[PDB]
Amino acid sequence: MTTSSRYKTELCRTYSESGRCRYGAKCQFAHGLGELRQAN
Ligand SMILES: [Zn+2]
């Protein structure tokens, strides 16, 4: 069963290198590629 929602499916890829960080300081997913649940 696990969580019945869970956050997004993205990940701090190149972002973590001070790039963009769609959620600077608050990033957990939404960022560069982030296609865990779309190719992984
Ligand atoms: Zn980030």
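Only the coordinates and a few stated rules stand behind these numbers; no lab work does. Here Cβ is always computed from backbone atoms with ideal geometry, including for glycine, and neighbour counts include all displayed protein chains.
Listed here are the residues, each with its yes/no results for (1) in contact with a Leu (Cβ under 6 Å, 6 or more places away or on another chain); (2) within 8 Å of the ligand (Cβ to nearest atom).
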| site | (1), (2) |
| --- | --- |
| 4 | no, no |
| 10 | no, no |
| 13 | yes, no |
| 16 | no, yes |
| 24 | no, yes |
| 35 | no, no |
| 40 | no, no |
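This table checks each residue for (1) under 12 Å from the mean Cα position of the chain (by Cα); (2) surrounded by 10 or more Cβ atoms within 10 Å (Cβ to Cβ); (3) assigned to a loop (DSSP other than H, G, I, E, B); (4) free of Cβ contacts under 8 Å to residues at least 12 places away in the same chain.
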position	(1), (2), (3), (4)
1	no, no, yes, yes
4	no, no, yes, yes
8	yes, yes, yes, no
11	yes, yes, yes, no
15	yes, yes, no, no
19	no, yes, yes, no
23	yes, yes, yes, yes
30	yes, yes, yes, no
33	yes, yes, yes, no
